[PDB]
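Heads up: the structure comes next, in structure tokens.
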Amino acid sequence: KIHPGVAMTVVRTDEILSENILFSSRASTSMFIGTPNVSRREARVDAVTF
Amino acid sequence: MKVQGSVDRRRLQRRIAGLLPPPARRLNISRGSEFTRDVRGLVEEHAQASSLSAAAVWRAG
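Taken in order, these protein sequences are the chains called A and B. Numbered per full-length UniProt numbering, the first sequence spans residues 1037 to 1086. Numbered per full-length UniProt numbering, the second sequence spans residues 1 to 61.
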């Protein structure tokens, strides 16, 4: 535990889980909705995925 | 005054009508419907192993 010629600065990142409050004013965005679909893909020897 | 000059258009229309339709995909969904016999068509898989009756073979295809 001799002190070497140099000293060191240490950096470390710490993280915190939090609960947030969000506010969003009235009629602030307009949305355009299109119709949904149904599609077939990847039929295997036992099953079919949609 | 209608000179026969090639294969009749009207007959080939009938024969290409059967080859045209491809397999169905991409059906759109309506909760106002919430289900359709059309969705069944897209979903059904329509398999083999008939019952050996004279018509049950034809019904199954």
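Don't be surprised by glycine CBs; every beta carbon is placed ideally from N, CA and C.
Using 8 Å for Cβ pairs, my map puts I29 (chain B) next to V1074 (chain A). What's the rounded Cβ distance?
Between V1074 (chain A) and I29 (chain B) the Cβ distance is about 6 Å, and since that is below 8 Å, they are a contact.
Check whether the segment 46 to 60 of chain B and the segment 3 to 16 of chain B touch, using three or more Cβ-Cβ pairs below 8 Å as the test.
no
Taking only beta-carbon positions, decide if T1085 (chain A) is within less than 8 Å of chain B.
no
Pull up the distance between the alpha-carbon of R26 (chain B) and that of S1061 (chain A), whole angstroms please.
It is roughly 37 Å from the alpha-carbon of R26 (chain B) to the alpha-carbon of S1061 (chain A).
Given a cut-off of 8 Å on the beta-carbon distance, is the pair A60 (chain B) and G41 (chain B) in contact?
no
Please check the pair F1086 (chain A) and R1076 (chain A), which I expect to be a contact at CB under 8 Å, by giving their CB distance rounded to whole angstroms.
6 Å
Taking any Cβ of chain B, which residues in the segment 1061 to 1084 of chain A have a Cβ under 9 Å from it, in chain order?
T1071, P1072, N1073, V1074, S1075, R1076, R1077, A1079 and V1084
What does the alpha-carbon distance come out to for the pair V57 (chain B) and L12 (chain B)?
31 Å
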